[PDB]
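Shown next, in structure tokens, is the structure this report addresses.
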Amino acid sequence: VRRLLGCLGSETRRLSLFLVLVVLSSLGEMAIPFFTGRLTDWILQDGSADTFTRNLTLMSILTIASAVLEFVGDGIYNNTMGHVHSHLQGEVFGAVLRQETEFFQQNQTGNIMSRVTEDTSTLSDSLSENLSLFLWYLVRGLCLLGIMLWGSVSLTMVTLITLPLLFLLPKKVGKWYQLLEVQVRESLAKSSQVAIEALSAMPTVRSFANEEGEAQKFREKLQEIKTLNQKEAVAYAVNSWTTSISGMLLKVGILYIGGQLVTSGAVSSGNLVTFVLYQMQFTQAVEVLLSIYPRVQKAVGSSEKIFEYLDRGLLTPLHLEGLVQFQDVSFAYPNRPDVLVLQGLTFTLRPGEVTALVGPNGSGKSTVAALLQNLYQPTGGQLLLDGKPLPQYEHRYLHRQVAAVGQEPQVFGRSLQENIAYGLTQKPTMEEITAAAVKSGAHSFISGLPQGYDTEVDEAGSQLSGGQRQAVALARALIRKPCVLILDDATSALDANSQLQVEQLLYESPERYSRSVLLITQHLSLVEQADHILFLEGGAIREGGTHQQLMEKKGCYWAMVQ
Amino acid sequence: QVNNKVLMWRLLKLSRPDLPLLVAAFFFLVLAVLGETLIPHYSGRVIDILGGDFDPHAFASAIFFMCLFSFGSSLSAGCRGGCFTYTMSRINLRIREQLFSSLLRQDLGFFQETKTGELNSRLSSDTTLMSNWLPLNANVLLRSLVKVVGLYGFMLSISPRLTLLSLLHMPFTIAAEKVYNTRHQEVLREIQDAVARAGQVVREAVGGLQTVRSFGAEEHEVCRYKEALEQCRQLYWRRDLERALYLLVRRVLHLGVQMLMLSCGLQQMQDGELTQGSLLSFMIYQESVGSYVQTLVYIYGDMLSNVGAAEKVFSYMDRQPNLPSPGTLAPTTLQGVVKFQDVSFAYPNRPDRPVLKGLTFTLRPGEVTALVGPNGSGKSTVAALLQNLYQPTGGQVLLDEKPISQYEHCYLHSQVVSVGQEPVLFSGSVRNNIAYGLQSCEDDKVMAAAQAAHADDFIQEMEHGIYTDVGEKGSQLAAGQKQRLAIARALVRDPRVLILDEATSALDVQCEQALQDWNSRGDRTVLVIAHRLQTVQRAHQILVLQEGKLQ
């Protein structure tokens with residue numbers, strides 16, 4: 001549709017020059033048969049050597065210039081359309097990465113974004129060659145016809161009228177062959193199905209000793225298919241015969257009408273020779289050009305789906321107050337709106353404090369974590385970050401102000417000195433990076449590598465341990481220096497030293513006074529040491545207070561602890 | 001590379017019976033090629049006739065000869081195409097039948113090792129791909145060679161000097177093609193490496209977009225992708241640029257020889273050793289010969305590339321079965337006594353897990369036998385080696401003081417039958433399923449077993465008696481119907497050793513009691529496997545089986 005024209009319109013300034021070059025090249029190449037016929041008539045007319053060598057030099061110059069202009073035009077068009085292909089790939093990747101978490105909540109869909117862009121790439125690539133080829137021959141074909149119209153209209157009318165009779169008759173004939181091929185393939189599939197049915201039941205057929213029976217049944221099916229094979233052979237023979245005689249008999253008629261014209265004195269023999277050569281070249285060009293339309297059609301059909309897929313706050317505070325509050329905060333996943341992970345939860349995390357969530361697994365802690373990070377908006381209620389809405393804050397400001405380590409953080413597939421600072425707009429200092437590594441306890445893991453922090457880390461954390469991965473995630477979080485930290489699974493499976501460092505950074509760190517931290521993990525020792533311990537189950541808060549207060553209240557937290 | 005050579009030799013040996021069809025196709029192709037190339041020669045003759053003084057008789061004769069030769073060439077081409085298609089179809093049918101007949105002889109372990117879907121894919125695709133090899137490749141090679149020979153013969157007939165000036169052009173074209181192919185492959189490897197590197201970052205992004213959105217923003221990913229694209233784009237342009245340059249060189253080379261040839265031809269026009277029509281026909285031949293002379297060198301490269309599909313099917317056909325030597329014993333009198341002596345068996349697919357350790361028991365004709373205990377579902381492995389579906393790893397199992405492997409394959413199963421725990425039915429008729437494994441039996445001998453198996457109740461109800469149809473692997477019948485049909489299938493053969501696998505556990509116990517009181521349990525050995533001791537009310541000798549051991 002108009003989408004392809006709109007996306008190609010950026011290069012019109014060079015595409016018009018490309019069209020000028022392509023028509024110049026098409027005009028230049030066809031000088032060989034014309035001069036061949038003219039010089040043959042000239043030498044049969046006892047011509048002069050001066051009028052000769054001039055024509056030889058002129059034809060050589062014209063053909064060389066045509067080849068050079070064709071090369072230059074091809075280079076220009078390839079440059080422009082490769083540029084537009086790269087731009088389209090970048091734009092479609094940006095669009096597919098700009099989709100919301102609701103569209104990407106299905107991890108099993110992770111295949112198709114892995115494919116689509118790649119397919120888009122080769123789609124353009126295919127279309128690229130096709131478009132050029134088609135347009136090339138189109139202009140060439142037209143140019144040939146023009147000179148043929150300048151040769152003899154009364155004879156080129158014959159080769160214009162004949163062409164549908166030789167280009168549509170094979171298309172009409174081949175339907176019979178295609179239908180017979182379809183029937184043959186269906187019968188072959190049925191026979192193979194019978195063979196597979198016999199093959200899958202080997203225990204019982206060997207228990208009854210009936211291999212010869214199954215062989216006989218397969219032979220019977222093949223004997224049934226033999227007749228369809230015979231009819232297929234006959235149809236293909238007829239199609240080959242008609243597609244040969246349609247093009248072969250025209251070369252007789254053109255020479256007959258040319259002989260009639262030449263005897264009539266309308267044209268000379270050299271004009272007939274030039275025509276014959278031009279008709280051969282024109283037939284070749286039209287024959288190739290008619291073979292490009294279905295591929296272009298399937299390419300644009302896939303591009304329509306590609307573009308259909310393409311179709312589907314700015315608050316910047318200077319400092320963070322570290323206040324988080326909820327007002328009837330309920331959240332529901334888009335895939336399962338009938339079941340709400342949280343139902344009007346009410347929990348507050350003041351600056352310089354710790355909130356420890358205790359409850360059954362799957363109660364909706366991840367929903368609260370996503371709501372606090374503005375990844376997905378809640379189904380109900382309002383989440384206030386220091387009295388302001390979470391989605392109202394800008395994405396960069398919220399990401400640089402409130403930071404967290406997920407339940408299953410993944411090490412970035414880059415260098416450890418880069419994977420510990422992924423997404424940082426400003427590059428951290430070397431001393432700052434060393435301090436961040438030392439503070440989080442990741443200094444021991446980083447120093448163990450032969451190349452230090454600059455050593456590359458493979459995909460999916462192959463070269464990094466799980467405790468090392470947790471240490472790297474906590475180091476990235478600490479290097480972010482966020483005021484809001486959702487410590488989720490920070491040291492659940494890590495070493496005791498890592499857990500002690502996490503507890504010291506949560507409680508005894510100098511920055512803990514001006515930083516708000518909410519903890520959702522299995523650290524039992526750190527759970528009892530929190531300033532506030534809240535019990536959440538089924539999306540609702542059942543208990544809240546200190547560990548001693550929770551134990552004295554005999555609530556859900558007391559039962560879980562005991 | 002000798003693997004592809006022996007695969008081609010095997011394909012030729014397979015297609016050896018199709019020699020007359022291939023000979024006819026070759027003759028028709030020779031006729032078509034020799035008739036097609038005459039038309040430019042007669043075009044030259046017609047153009048020569050038109051010049052000078054007119055002569056209607058010669059013109060009419062040349063046109064009539066043109067029409068006749070064109071019609072003959074078209075007919076020969078059609079016949080050649082039909083013959084090639086038919087021999088391809090015959091090759092496909094023969095290879096499919098041979099592959100199925102070879103695959104039917106393998107043991108149970110081969111079928112347990114491999115997958116049914118893989119065999120379906122091979123039988124449905126690789127046979128067709130193998131059959132498409134010889135006719136298409138032979139047609140391309142022979143057409144190219146005969147066309148090249150005919151065109152060069154005609155060109156040498158027209159003028160030898162122009163033919164030499166044309167032949168001078170070929171080595172430069174071949175060298176340029178080789179150099180361009182080498183450089184194009186060299187840049188294509190780097191293109192593939194760059195596109196893999198560019199796909200790596202999008203793979204990482206789609207794998208960890210959650211952590212991407214958690215810490216930072218998408219731009220630090222997206223821009224990275226753009227950088228990779230830039231590298232890729234540069235490489236793309238390089239490849240395309242080289243291709244364009246190569247094309248220009250070829251084009252220039254073509255013009256070169258064309259110009260030179262034209263000049264030389266016109267020189268002969270001054271000498272009277274040529275004519276206008278001869279020059280036109282030579283131009284046509286020179287234009288035509290290039291594609292054929294290139295295909296003549298590309299056919300060998302394409303052949304070894306395309307022959308690589310045939311290795312899987314031929315490997316499947318050439319796998320030697322591990323079954324023992326076929327037996328020859330076939331006595332018309334059977335005592336029906338079966339005894340086991342210190343037999344130990346393990347699955348060859350998963351060895352070093354002995355499911356049997358020196359089992360020993362003796363059956364009797366007039367005495368029934370029962371096996372109880374789940375055995376970790378280890379009961380079904382003692383019935384399988386009773387029907388010679390497996391060979392014992394230790395000890396030996398014998399029937400009438402002869403090893404069971406010495407009996408004929410089509411006779412031992414005819415005398416010793418078993419019912420499966422899961423009755424398996426075939427897509428044919430009900431009479432076909434009941435009389436399964438029997439090459440010819442009278443229809444009356446069919447419903448007698450159904451009456452004996454309590455399956456005659458729905459025989460009368462369902463239309464056409466027993467000549468009805470069922471769905472593939474059983475679709476209309478229920479579990480009890482399948483069990484009764486399997487029991488009748490076992491009963492119709494009048495066996496000597498009847499192995500029952502929990503007959504009353506699924507169907508009614510009355511059917512099991514009737515089977516124990518039937519003709520196949522009158523003076524014949526019967527072994528019944530049960531998951532409970534409820535069969536002990538009729539059983540004579542009962543053996544429990546736990547942990548792969550007897551009582």
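Chain lettering (A, B, ...) mirrors the order of the structure tokens, residue numbering begins at 1 for each chain separately, and ligand numbering begins at 1 in order of display.
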Practice problem: Pull out every residue of chain B that has at least one atom within 6 Å of chain A, counting only C-alpha atoms, and report them as a ChimeraX atom specification. | Solution: /B:74-75,78-79,81-82,85-86,215-216,220,226,410,413,437
Store the residues picked out above in a file with N, CA, C and O atoms, as a PDB file, in the first residue's frame.
```pdb
ATOM      1  N   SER B  74       8.854 -29.488 -31.076  1.00  0.00           N
ATOM      2  CA  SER B  74       7.918 -29.331 -29.967  1.00  0.00           C
ATOM      3  C   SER B  74       7.350 -30.673 -29.521  1.00  0.00           C
ATOM      4  O   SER B  74       7.239 -30.941 -28.316  1.00  0.00           O
ATOM      5  N   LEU B  75       6.998 -31.534 -30.481  1.00  0.00           N
ATOM      6  CA  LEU B  75       6.486 -32.857 -30.132  1.00  0.00           C
ATOM      7  C   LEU B  75       7.534 -33.679 -29.388  1.00  0.00           C
ATOM      8  O   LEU B  75       7.223 -34.341 -28.387  1.00  0.00           O
ATOM      9  N   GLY B  78       7.894 -32.383 -25.800  1.00  0.00           N
ATOM     10  CA  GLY B  78       6.795 -32.836 -24.963  1.00  0.00           C
ATOM     11  C   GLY B  78       6.930 -34.291 -24.556  1.00  0.00           C
ATOM     12  O   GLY B  78       6.713 -34.646 -23.390  1.00  0.00           O
ATOM     13  N   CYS B  79       7.311 -35.151 -25.507  1.00  0.00           N
ATOM     14  CA  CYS B  79       7.503 -36.563 -25.188  1.00  0.00           C
ATOM     15  C   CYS B  79       8.635 -36.759 -24.185  1.00  0.00           C
ATOM     16  O   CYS B  79       8.530 -37.590 -23.273  1.00  0.00           O
ATOM     17  N   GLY B  81       9.674 -34.594 -21.867  1.00  0.00           N
ATOM     18  CA  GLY B  81       9.209 -34.172 -20.554  1.00  0.00           C
ATOM     19  C   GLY B  81       8.293 -35.192 -19.908  1.00  0.00           C
ATOM     20  O   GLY B  81       8.411 -35.482 -18.710  1.00  0.00           O
ATOM     21  N   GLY B  82       7.379 -35.766 -20.695  1.00  0.00           N
ATOM     22  CA  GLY B  82       6.503 -36.796 -20.159  1.00  0.00           C
ATOM     23  C   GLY B  82       7.260 -38.022 -19.684  1.00  0.00           C
ATOM     24  O   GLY B  82       6.977 -38.559 -18.607  1.00  0.00           O
ATOM     25  N   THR B  85       9.097 -37.217 -16.359  1.00  0.00           N
ATOM     26  CA  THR B  85       8.185 -37.184 -15.218  1.00  0.00           C
ATOM     27  C   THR B  85       7.744 -38.591 -14.821  1.00  0.00           C
ATOM     28  O   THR B  85       7.713 -38.931 -13.626  1.00  0.00           O
ATOM     29  N   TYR B  86       7.430 -39.434 -15.808  1.00  0.00           N
ATOM     30  CA  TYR B  86       6.979 -40.784 -15.491  1.00  0.00           C
ATOM     31  C   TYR B  86       8.076 -41.611 -14.832  1.00  0.00           C
ATOM     32  O   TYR B  86       7.804 -42.363 -13.887  1.00  0.00           O
ATOM     33  N   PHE B 215      16.117  -1.687  35.621  1.00  0.00           N
ATOM     34  CA  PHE B 215      17.189  -0.763  35.978  1.00  0.00           C
ATOM     35  C   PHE B 215      17.173   0.482  35.098  1.00  0.00           C
ATOM     36  O   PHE B 215      17.009   1.602  35.592  1.00  0.00           O
ATOM     37  N   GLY B 216      17.357   0.306  33.789  1.00  0.00           N
ATOM     38  CA  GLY B 216      17.546   1.405  32.883  1.00  0.00           C
ATOM     39  C   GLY B 216      16.437   1.531  31.860  1.00  0.00           C
ATOM     40  O   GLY B 216      15.299   1.091  32.068  1.00  0.00           O
ATOM     41  N   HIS B 220      19.641   2.480  25.710  1.00  0.00           N
ATOM     42  CA  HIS B 220      20.963   1.885  25.861  1.00  0.00           C
ATOM     43  C   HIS B 220      21.045   0.498  25.241  1.00  0.00           C
ATOM     44  O   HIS B 220      22.143   0.043  24.906  1.00  0.00           O
ATOM     45  N   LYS B 226      21.458  -0.555  16.790  1.00  0.00           N
ATOM     46  CA  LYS B 226      21.716   0.298  15.637  1.00  0.00           C
ATOM     47  C   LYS B 226      23.179   0.229  15.235  1.00  0.00           C
ATOM     48  O   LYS B 226      23.492   0.076  14.047  1.00  0.00           O
ATOM     49  N   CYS B 410       6.210 -67.568  10.952  1.00  0.00           N
ATOM     50  CA  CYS B 410       4.788 -67.496  10.643  1.00  0.00           C
ATOM     51  C   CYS B 410       3.974 -68.603  11.299  1.00  0.00           C
ATOM     52  O   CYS B 410       2.748 -68.616  11.151  1.00  0.00           O
ATOM     53  N   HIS B 413       3.961 -67.903  16.046  1.00  0.00           N
ATOM     54  CA  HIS B 413       2.944 -66.928  16.418  1.00  0.00           C
ATOM     55  C   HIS B 413       1.546 -67.427  16.090  1.00  0.00           C
ATOM     56  O   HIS B 413       0.576 -67.012  16.733  1.00  0.00           O
ATOM     57  N   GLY B 437      -3.723 -61.341  10.595  1.00  0.00           N
ATOM     58  CA  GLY B 437      -2.641 -62.295  10.533  1.00  0.00           C
ATOM     59  C   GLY B 437      -2.960 -63.578   9.804  1.00  0.00           C
ATOM     60  O   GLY B 437      -2.097 -64.462   9.736  1.00  0.00           O
TER      61      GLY B 437
END
```
Exercise. Apply DSSP to the structure's backbone, then extract all residues of segment 207-414 of chain A labelled strand (DSSP E) and return them as a ChimeraX atom specification.
Key: /A:324-332,340-345,354-358,380-385,388-389,402-405
Just N, CA and C atoms for this one: save the residues we selected as a compact mmCIF listing (two decimals), in the first residue's frame.
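The resulting again-v6.txt:
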```txt
# COMPACT_ATOMS: atom_id res chain seq x y z
N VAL A 324 6.64 6.30 50.32
CA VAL A 324 5.80 5.47 49.46
C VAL A 324 4.52 5.15 50.22
N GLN A 325 3.38 5.31 49.55
CA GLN A 325 2.09 5.06 50.16
C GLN A 325 1.14 4.48 49.12
N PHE A 326 0.09 3.81 49.60
CA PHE A 326 -0.90 3.19 48.75
C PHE A 326 -2.30 3.58 49.21
N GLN A 327 -3.21 3.74 48.25
CA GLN A 327 -4.61 4.07 48.52
C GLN A 327 -5.47 3.07 47.76
N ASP A 328 -5.95 2.04 48.47
CA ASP A 328 -6.78 0.98 47.90
C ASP A 328 -6.10 0.31 46.71
N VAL A 329 -4.79 0.11 46.82
CA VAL A 329 -3.98 -0.36 45.70
C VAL A 329 -4.31 -1.82 45.42
N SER A 330 -4.97 -2.07 44.29
CA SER A 330 -5.26 -3.41 43.81
C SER A 330 -4.75 -3.54 42.38
N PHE A 331 -4.12 -4.67 42.08
CA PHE A 331 -3.51 -4.89 40.77
C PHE A 331 -3.99 -6.21 40.20
N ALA A 332 -4.24 -6.22 38.89
CA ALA A 332 -4.67 -7.41 38.17
C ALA A 332 -3.86 -7.56 36.89
N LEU A 340 -7.29 -11.12 41.05
CA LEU A 340 -6.46 -9.99 41.43
C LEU A 340 -5.36 -10.47 42.37
N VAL A 341 -4.11 -10.17 42.01
CA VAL A 341 -2.98 -10.53 42.87
C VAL A 341 -3.04 -9.76 44.18
N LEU A 342 -3.35 -8.47 44.12
CA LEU A 342 -3.50 -7.64 45.30
C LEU A 342 -4.89 -7.03 45.30
N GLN A 343 -5.46 -6.88 46.50
CA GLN A 343 -6.82 -6.37 46.67
C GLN A 343 -6.79 -5.27 47.74
N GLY A 344 -6.55 -4.04 47.31
CA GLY A 344 -6.58 -2.90 48.22
C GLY A 344 -5.52 -2.94 49.30
N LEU A 345 -4.28 -3.28 48.93
CA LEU A 345 -3.20 -3.35 49.91
C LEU A 345 -2.85 -1.96 50.42
N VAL A 354 12.77 0.21 57.12
CA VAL A 354 12.79 -1.09 56.48
C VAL A 354 11.41 -1.72 56.64
N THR A 355 10.88 -2.26 55.55
CA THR A 355 9.61 -2.98 55.55
C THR A 355 9.86 -4.39 55.03
N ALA A 356 9.54 -5.38 55.86
CA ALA A 356 9.78 -6.78 55.53
C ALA A 356 8.44 -7.48 55.31
N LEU A 357 8.25 -8.04 54.12
CA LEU A 357 7.00 -8.71 53.77
C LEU A 357 7.09 -10.19 54.10
N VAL A 358 6.12 -10.68 54.85
CA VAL A 358 6.04 -12.09 55.24
C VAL A 358 4.70 -12.64 54.76
N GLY A 380 -6.58 -1.10 40.62
CA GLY A 380 -7.32 -0.17 41.45
C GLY A 380 -6.40 0.55 42.41
N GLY A 381 -6.87 1.71 42.87
CA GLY A 381 -6.14 2.49 43.84
C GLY A 381 -5.09 3.40 43.22
N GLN A 382 -4.42 4.14 44.09
CA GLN A 382 -3.39 5.09 43.68
C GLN A 382 -2.13 4.87 44.52
N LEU A 383 -0.99 4.76 43.84
CA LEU A 383 0.30 4.62 44.50
C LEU A 383 1.01 5.97 44.50
N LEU A 384 1.32 6.48 45.69
CA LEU A 384 1.91 7.79 45.85
C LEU A 384 3.38 7.65 46.22
N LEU A 385 4.26 8.21 45.39
CA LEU A 385 5.69 8.29 45.67
C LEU A 385 5.95 9.69 46.21
N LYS A 388 3.19 11.78 45.25
CA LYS A 388 2.99 11.94 43.82
C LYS A 388 2.80 10.58 43.15
N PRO A 389 2.00 10.52 42.09
CA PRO A 389 1.75 9.23 41.43
C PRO A 389 3.01 8.66 40.80
N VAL A 402 14.40 5.17 41.96
CA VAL A 402 13.92 3.97 42.63
C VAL A 402 14.47 2.78 41.86
N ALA A 403 15.26 1.95 42.53
CA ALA A 403 15.93 0.83 41.88
C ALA A 403 15.78 -0.42 42.72
N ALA A 404 15.88 -1.58 42.06
CA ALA A 404 15.67 -2.84 42.75
C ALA A 404 16.36 -3.96 41.99
N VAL A 405 16.54 -5.08 42.68
CA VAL A 405 17.04 -6.32 42.10
C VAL A 405 15.90 -7.33 42.12
```
Neighbour list for segment 502-506 of chain A as a PDB file with N, CA, C and O atoms, in the first residue's frame, cut-off 7 Å, only C-alpha atoms, skip fewer than 4 positions in-chain:
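Below is the file selection_22.pdb, written as the result:
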```pdb
ATOM      1  N   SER A 440      29.165  -3.851  48.332  1.00  0.00           N
ATOM      2  CA  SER A 440      28.184  -4.913  48.155  1.00  0.00           C
ATOM      3  C   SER A 440      28.752  -6.304  48.384  1.00  0.00           C
ATOM      4  O   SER A 440      28.009  -7.285  48.278  1.00  0.00           O
ATOM      5  N   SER A 498      27.765 -12.524  52.150  1.00  0.00           N
ATOM      6  CA  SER A 498      26.914 -11.656  51.340  1.00  0.00           C
ATOM      7  C   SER A 498      25.673 -11.223  52.110  1.00  0.00           C
ATOM      8  O   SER A 498      25.256 -10.063  52.026  1.00  0.00           O
ATOM      9  N   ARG A 512      21.731   4.703  54.869  1.00  0.00           N
ATOM     10  CA  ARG A 512      20.447   4.120  55.241  1.00  0.00           C
ATOM     11  C   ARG A 512      19.516   5.130  55.897  1.00  0.00           C
ATOM     12  O   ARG A 512      18.301   4.906  55.921  1.00  0.00           O
ATOM     13  N   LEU A 526      17.209 -11.227  58.912  1.00  0.00           N
ATOM     14  CA  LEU A 526      16.910  -9.837  58.593  1.00  0.00           C
ATOM     15  C   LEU A 526      15.432  -9.503  58.743  1.00  0.00           C
ATOM     16  O   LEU A 526      15.093  -8.325  58.900  1.00  0.00           O
TER      17      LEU A 526
END
```
Exercise. For each of A:313, A:443, A:6, A:487, take the minimum atom-to-atom distance to residue 394 of chain A, counting only C-alpha atoms, then give the residue where this is smallest.
Key: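 Among A:313, A:443, A:6, A:487, it is A:313 that comes nearest to residue 394 of chain A.
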Exercise. For segment 314-323 of chain A, please output as number ranges by chain all residues within 7 Å (counting only C-alpha atoms; exclusion window: fewer than 3 positions along the same chain).
Key: A: 349-351, 385-386, 392-394, 397, 483-484, 515-516
Quiz item: Which residue, B:205, B:430, B:66, B:466, has the smallest gap to residue 221 of chain B when you use only C-alpha atoms?
Solution: B:205
Self-check item: Those in segment 307-541 of chain A with helix (DSSP H, G or I) from DSSP, as a ChimeraX atom specification
Solution: /A:307-311,365-372,395-401,416-419,430-439,443-447,452-454,459-461,466-480,496-507,510-514,524-528
Could the residues of segment 97-180 of chain B that have an atom at most 8 Å from segment 235-252 of chain B be listed as a tab-separated table, each with its closest atom pair and the distance in Å to one decimal, counting only C-alpha atoms and ordered by chain and ascending residue number?
```
residue	atom	partner	partner_atom	distance
B:173	CA	B:250	CA	7.1
B:176	CA	B:246	CA	7.8
B:180	CA	B:246	CA	6.7
```
Restricting it to C-alpha atoms, dump the selection as a PDB file, in the first residue's frame.
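result-v4.pdb written:
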```pdb
ATOM      1  CA  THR B 173      35.034 -15.540 -18.454  1.00  0.00           C
ATOM      2  CA  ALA B 176      36.555 -14.029 -13.756  1.00  0.00           C
ATOM      3  CA  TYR B 180      34.268 -13.468  -8.210  1.00  0.00           C
TER       4      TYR B 180
END
```
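A straight line drawn from atom CA of residue 159 of chain A to atom CA of residue 42 of chain A is 27.0 Å long.
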Quiz prompt | Nearest to residue 400 of chain B, chosen from B:425, B:363, B:24, B:49, with only C-alpha atoms counted in the distances | solution =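 Going through B:425, B:363, B:24, B:49 one by one, the smallest distance to residue 400 of chain B is for B:363.
Using only C-alpha atoms for every distance, the candidate list B:368, B:423, B:529, B:195 yields B:195 as the residue closest to residue 122 of chain A.
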Quiz item: Using only C-alpha atoms, which residues sit within 7 Å of residue 436 of chain A once same-chain residues fewer than 6 positions away are excluded, as number ranges by chain?
Solution: A: 475, 478-479
Go ahead and save the residues from that selection, with C-alpha atoms, as an mmCIF file, in the first residue's frame.
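again11.cif was written with the following content:
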```cif
data_model
loop_
_atom_site.group_PDB
_atom_site.id
_atom_site.type_symbol
_atom_site.label_atom_id
_atom_site.label_comp_id
_atom_site.auth_asym_id
_atom_site.auth_seq_id
_atom_site.Cartn_x
_atom_site.Cartn_y
_atom_site.Cartn_z
ATOM 1 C CA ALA A 475 26.325 -3.908 43.508
ATOM 2 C CA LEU A 478 24.082 0.215 45.324
ATOM 3 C CA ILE A 479 25.964 1.968 42.509
#
```
Quiz item: Pick from B:67, B:89, B:322, B:487: nearest to residue 181 of chain A, with only C-alpha atoms counted?
Solution: B:89
